[PDB]
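[1] Can you look at this? It's an experimental structure, sequence on top.
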Amino acid sequence: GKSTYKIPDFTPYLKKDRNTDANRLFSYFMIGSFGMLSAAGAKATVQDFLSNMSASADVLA
Amino acid sequence: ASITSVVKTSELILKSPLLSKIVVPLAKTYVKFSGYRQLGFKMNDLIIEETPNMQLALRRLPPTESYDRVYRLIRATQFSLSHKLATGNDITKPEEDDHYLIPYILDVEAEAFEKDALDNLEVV
Amino acid sequence: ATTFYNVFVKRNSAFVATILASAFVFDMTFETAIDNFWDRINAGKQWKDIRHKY
Amino acid sequence: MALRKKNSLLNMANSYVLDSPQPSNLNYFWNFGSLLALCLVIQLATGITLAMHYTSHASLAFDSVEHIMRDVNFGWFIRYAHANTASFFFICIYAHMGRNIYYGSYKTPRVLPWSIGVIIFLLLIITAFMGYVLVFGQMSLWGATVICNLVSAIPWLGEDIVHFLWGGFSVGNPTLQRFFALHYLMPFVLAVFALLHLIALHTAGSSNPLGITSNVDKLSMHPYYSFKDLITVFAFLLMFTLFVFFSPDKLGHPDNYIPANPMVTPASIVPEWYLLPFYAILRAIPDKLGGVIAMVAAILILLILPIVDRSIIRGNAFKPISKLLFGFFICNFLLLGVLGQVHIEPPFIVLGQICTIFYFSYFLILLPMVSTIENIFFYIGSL
Amino acid sequence: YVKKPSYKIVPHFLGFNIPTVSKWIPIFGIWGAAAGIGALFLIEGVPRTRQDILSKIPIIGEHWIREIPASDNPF
Amino acid sequence: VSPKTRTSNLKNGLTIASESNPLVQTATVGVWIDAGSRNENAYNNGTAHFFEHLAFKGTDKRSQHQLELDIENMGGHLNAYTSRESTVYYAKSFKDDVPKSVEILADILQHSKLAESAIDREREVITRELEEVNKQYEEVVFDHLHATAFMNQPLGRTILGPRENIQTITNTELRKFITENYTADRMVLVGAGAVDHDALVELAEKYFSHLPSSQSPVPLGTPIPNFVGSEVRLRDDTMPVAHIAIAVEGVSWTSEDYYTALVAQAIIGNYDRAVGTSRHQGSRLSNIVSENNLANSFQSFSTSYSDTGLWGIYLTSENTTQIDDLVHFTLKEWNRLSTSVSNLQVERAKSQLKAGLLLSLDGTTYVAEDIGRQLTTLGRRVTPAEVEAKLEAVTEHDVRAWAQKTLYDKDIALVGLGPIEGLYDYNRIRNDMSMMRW
Ligand code: HEM
Ligand code: HEM
Ligand SMILES: CCCCCCCCCCCCO[C@@H]1O[C@H](CO)[C@@H](O[C@H]2O[C@H](CO)[C@@H](O)[C@H](O)[C@H]2O)[C@H](O)[C@H]1O
Ligand SMILES: CCCCCCCCCCCCO[C@@H]1O[C@H](CO)[C@@H](O[C@H]2O[C@H](CO)[C@@H](O)[C@H](O)[C@H]2O)[C@H](O)[C@H]1O
């Protein structure tokens, strides 16, 4: 309430293993999974969507 | 190109007797046909200035030289828009076409090129 | 597990390569897995299930 | 503080069209930028109007253009205006690029507006090529066939890409409908890039015909260049009038008034006049893929002007040798244009190759050599 | 006694020198792989990519050898 | 080639270490103690610094006034400082005034009065010190930096201690602190300049012989710190200059990477616009900052403790609208320790350090501080030959390997003080700890 060197209580949020490689890696696994599904989803979206421009069924007949 | 490059190459030519004998007369004719003197410019007024190096060199000009340069540029711009040429005292005579800027840009570039060299030094 | 971080995650070039290779694998396996799942829940309904009569 | 400066939207307009500080000595070749903007506006207005009467289906397309000519009130004017302005757009764009090359507008600090400009030029070519196909006359079809077959040269995937462009196994309805949609779109993309190259330019300001700084002597864009731009607007409109009203088909190919017929091949399949130099460059290389690469390289090589021009001086106003070289380069570009429309016969075959070599050697050899030599002549010449 | 510092200027161009670039050679490698994987992934659907590339891969390649039975193919 | 540092022990386990210099006429003797603020708990935090005040408030023999006079009569001065891990008490004097000074130091350390009246008097003096450090911005920044980096841990505490403790420190707990901590096996008597080693050992046998030994004598410089990536902003728009420190968890004195971290620090280096030569420094960051006027100064540091460290940079800038660029460019220069450093930078920094580590020692006080520091952190003085060999062993590959494990994509502790509106939020700062292009 007065001293600025007394850091406020962060114990409710601090991870004990915060500096471990396991700790960083886990968060990057979530980011990477999100990147992976975004890539797979984008590929699917692009491929299906652009296929509209390939010969339609009536042309292929 | 760098002014350094231009100046070094020109000095190689002015050294060689053969080369100077054939190049000096050509260059003088070239400059006559170039026709920048007909707008009251000195050669150095024409050098591209929108470069960090050249901005630095222009800042290093003595105030007098700098004020006169601004006048020649303004005067030439007015001749250009009027489609007129300089007459009389406004025409740059060969003796007035002094390289007022070349020493300043050569110093700026010398330091910039030394900086590049020394950024690549390897202790032996 | 430091090893895993160092190999696949530390360099972004490696991380993006890993993500794209994983996307490739996911895309191919997910396709196959859904195909099989779809055929099981719609068993005896689809053309492939009645085609054998003809 | 004045409203035009205070309000953020007005201030953007103000910064481009009113208080914009311009050099006080721009000559008439600085007027092509506004003419190109006028062409772009005419093309949007006439194009959107044609789109209200045109039908993209191959069974109806040619007839819909006849319907526009014959039935729609002033349809003849809107059609001819759109078709002729496409030609004027290229005259003005070549003039604008010519101005930029002669006056060294591509040099620092204006490399970015120049480089975006090269992309605008490519989009204009694509836009105009697709628009030509929409008529679905003989030249429309056969031009689409031969130009789209160039993509067949791309190794491995080339054939597949062509079938993908066509939406089919030949140029037909799917191709026509997709070109309609893209031809409608591409001018808006072109307008965005045109705006980007202006925004890029606004950091350095316009160059000027002396190639020196204009920071010392500026003029508001309005009223001075506003009223100067009017002169060329009216000169342009006079030229527009003589084509559109009095000779609307002088720039056209008669074969485009014959409906597309995939069986009959026309006598001579040539692109529109403004693409002819690139067509000559393509013919010069015997290899199919080589030819395509050369043709693209003929445009993309403009991107290296900032590098290969070694001059310490911006532009050609004061460089007699560079001016002569530029003159030859321009005339060669026109010869290439002419050789683009001759028959592939002696002696034009060899001539086309020599002109193509001259075209590339300007960027790769002559400009770097000449600009280096003139640097030396200015220095020694003024000692 | 040392009279002069002992150094050379290494060859350089546009602020790149061989020592520095050599450190990045592996990274271009990985980005090239990433671009390869990514490009190939994008065109995995293209029939020519399957026919010429993907079906030839050992073990895995049978994933891309799929025939429509002639009874179910209108074309 | 410097004279040999002689080292002797006493019976109790007091180390005596001396480096004689027959070229000088002054001598610095003092006691380096392997004890400091870190040895307090939360209840007695501030005791170590409190004691430093009381040490000069009079002994069992000499009163406050007599003490003052005795030192004045010696001719030199006494000085003390307490840090987190180390307390020093030294006396700079004339050559032949060394027996007086050792006697005075032994007296103020062993036989201090700590009278209730003097405790009460200093309790106000120290309370006023809480509101005047506020001006010393570098120390403000570094005190917050430790507070945050080692949040709720012993290293995270200040030296002064909280206001609350200053009001409640008793002579009992002061006595208990110096009885538990100021033990012979934790102390080094150091002499530099015009001292004879054998004379100093005799003075130690005379004055420091009845020192307590600790129950469990561990070696000198024997210590669990868990760094917290975190930020403190102390925004103050009335200040004209922003002060920013950025640190990661660095290396301890005895790390195998200690020299690698020094070399890395020297690659980034220091800069000060007020020094003439600084615009011409080789450091890439120096060039970026000077050309763009991004900062008044920056100072790389590598602070070490017994079991951890902080490695980072301290920046000062008046350019309040371009602090973003300053921090951006700084962290991108650190990224290049991981991605780009080659023999070019590493050999240049080694050259600069090979001299720098010897140049620092230019007066008897600096020599004594070097002997004292080394003896209390490593248990020995490292000879210049060994220092030169350890630096020579640092390769470019070592620097890159160290940076990739210590800097690259790591959490930072970040403290900003002053007009720091332009300093972006923690994420954007921490995002610059990696390069997406790599
Ligand atoms: C739709 C097409 C275009 C429009 C509407 C357009 C418009 C303009 C305008 C209004 C200007 C400023 C005034 C002027 O100098 O004329 C300009 C300048 C410029 N344009 Fe374009 N432009 C177009 C296409 C191009 C192309 C294709 C290029 C280059 C290949 C280009 C390169 C430039 C450059 C370099 C400048 C700066 C020239 C200078 O002032 O020195 N533009 N343009
Ligand atoms: C840069 C802008 C444009 C250029 C260079 C351009 C070019 C062309 C060209 C060369 C043709 C062939 C004309 C003919 O010989 O009949 C054409 C046709 C057409 N354009 Fe455009 N065009 C542009 C913008 C637009 C826009 C914005 C639309 C909006 C839909 C459009 C719609 C059409 C239509 C419907 C036709 C077919 C009718 C016809 O041939 O007249 N154009 N365009
Ligand atoms: C730079 C980007 C790269 C270029 C982008 C490529 C564009 C077009 C590529 C593939 C499009 C056609 O490629 C084709 O995709 C469709 C899905 O759309 C797949 O088709 C598969 O799924 C669809 C529904 O998902 C079914 O109707 C079909 O019976 C089945 O075979 C084909 O197995 C694949 O061969
Ligand atoms: C040509 C078509 C007409 C419409 C104009 C184009 C619309 C898009 C323009 C906005 C793009 C950003 O454009 C940018 O805007 C700001 C303010 O407007 C300009 O800013 C400039 O003018 C204002 C005052 O006039 C000053 O505060 C500023 O010092 C100066 O640089 C930039 O020089 C311009 O680069």
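    Sure, I can see it. Numbering: from 1, shown residues only, chains lettered A, B, ... in the order given. Ligands and ions are numbered 1, 2, ... in the order given.
[2] Spatially central, which residue of chain B would that be?
    Nearest to the geometric centre of chain B sits residue B:44, at 2.9 Å (CA atoms, centre = their mean).
[3] any idea how far it is from residue E:56?
    67 Å (CB to CB, to the nearest Å). All C-beta atoms are positioned from the backbone trio N, CA, C, and that covers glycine.
[4] try residue F:278
    62 Å.
[5] what's the answer for residue E:27, then?
    Distance from residue E:27 to residue E:56, by CB to CB: 29 Å.
[6] So between these two, which is more surrounded?
    Neighbour count, other CB atoms under 10 Å in any protein chain shown: between residue E:27 and residue E:56, residue E:27 has more, with 17 against 12.
[7] Now the helix ranked longest in chain A: buried residues?
    Ranked by residue count under DSSP state H, the longest helix found in chain A is helix A:21-50. When neighbours are counted by 16 or more other CB atoms under 10 Å in any protein chain shown, the buried residues of helix A:21-50 are found to be A:21, A:24-25, A:28, A:32, A:35-37, A:39-40, A:43, A:47.
[8] which ones among those residues come in contact with ligand 4?
    By CB under 6 Å from any ligand atom, no member of those lies near ligand 4.
[9] Now distance to residue D:242 too, for those, in CSV please.
    Shown next, in CSV, are those (distance: CB to CB, whole Å):
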residue, distance to residue D:242
A:21, 77
A:24, 73
A:25, 74
A:28, 68
A:32, 66
A:35, 60
A:36, 63
A:37, 62
A:39, 57
A:40, 60
A:43, 55
A:47, 52
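[10] Looking at those, which one is closest to chain F?
    residue A:24 (7.2 Å; CB to the nearest CB).
[11] how far away is the closest one from ligand 3?
    Distance of residue A:24 to ligand 3, computed by CB to the nearest ligand atom, to the nearest Å: 33 Å.
[12] From residue B:115, how far off is that residue?
    39 Å.
[13] what does residue F:79 give?
    44 Å.
[14] touching ligand 4 at all, stretch D:111-125?
    No. Against ligand 4, stretch D:111-125 shows no contacts by CB under 6 Å from any ligand atom, the least distance being 11.9 Å.
[15] residues of that stretch that come out buried?
    Buried, per 16+ other CB under 10 Å, within stretch D:111-125: D:111-121, D:123-125.
[16] can you list those in TSV and add secondary structure?
    Output for the buried residues of stretch D:111-125, formatted as TSV (DSSP: H, G, I helix; E, B strand; the rest coil):
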residue	secondary structure
D:111	helix
D:112	helix
D:113	helix
D:114	helix
D:115	helix
D:116	helix
D:117	helix
D:118	helix
D:119	helix
D:120	helix
D:121	helix
D:123	helix
D:124	helix
D:125	helix
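[17] near chain E, which residues of chain C?
    Chain C has residues C:11, C:13-14, C:16-17, C:20-21, C:23-24, C:27-28, C:32, C:47-48, C:51, C:54 near chain E, with proximity defined as CB under 8 Å from any CB of the partner chain.
[18] residue of chain E with the smallest distance to chain A?
    Closest point on chain E to chain A, by CB to the nearest CB, is residue E:45, at 4.5 Å.
[19] which residue sits closest to that residue, ignoring its sequence neighbours?
    residue A:47 (4.5 Å; CB to CB, 6 or more residues apart in numbering or on different chains).
[20] I'd like the distance from stretch D:94-107 to the chain centre, please.
    Offset of stretch D:94-107 from its chain centre (CA atoms, centre = their mean, to the nearest Å): 13 Å.
[21] would you put the C-alpha positions of it in PDB?
    The C-alpha coordinates for stretch D:94-107 follow below in PDB (Å, rounded to 0.1, in the frame of the first residue of the first chain):
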ATOM      1  CA  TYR D  94       3.600   4.200 -71.900                       C
ATOM      2  CA  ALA D  95       4.000   8.000 -71.900                       C
ATOM      3  CA  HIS D  96       4.000   7.900 -68.100                       C
ATOM      4  CA  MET D  97       6.500   5.100 -68.000                       C
ATOM      5  CA  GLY D  98       8.600   6.900 -70.700                       C
ATOM      6  CA  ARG D  99       8.600  10.100 -68.600                       C
ATOM      7  CA  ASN D 100       9.600   8.100 -65.600                       C
ATOM      8  CA  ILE D 101      12.500   6.400 -67.400                       C
ATOM      9  CA  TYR D 102      13.800   9.600 -69.000                       C
ATOM     10  CA  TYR D 103      13.700  11.700 -65.900                       C
ATOM     11  CA  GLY D 104      15.000   9.000 -63.600                       C
ATOM     12  CA  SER D 105      11.800   8.800 -61.500                       C
ATOM     13  CA  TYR D 106      12.800   5.300 -60.700                       C
ATOM     14  CA  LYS D 107      16.000   6.300 -58.800                       C
END
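[22] So is it next to chain B?
    Yes. For stretch D:94-107 and chain B, the contact criterion (CB under 8 Å from any CB) is met by residue D:107.
[23] For residue F:35, which non-adjacent residue is closest in space?
    Nearest to residue F:35 is residue F:181, by CB to CB, 6+ apart, at 4.0 Å.
[24] Could you pull up the residues touching the one you found?
    Applying CB atoms under 8 Å, 6 or more residues apart in numbering or on different chains to residue F:181 gives the contacts F:33, F:35, F:39, F:48.
[25] Count the residues that sit near residue D:150.
    17.
[26] ok, the residue lying closest to it once chain neighbours are set aside to residue D:154 distance?
    Leaving aside its chain neighbours, residue D:150 sits nearest to residue D:292 (5.0 Å; criterion: CB to CB, 6+ apart). Distance of residue D:292 to residue D:154, given as CB to CB: 8 Å.
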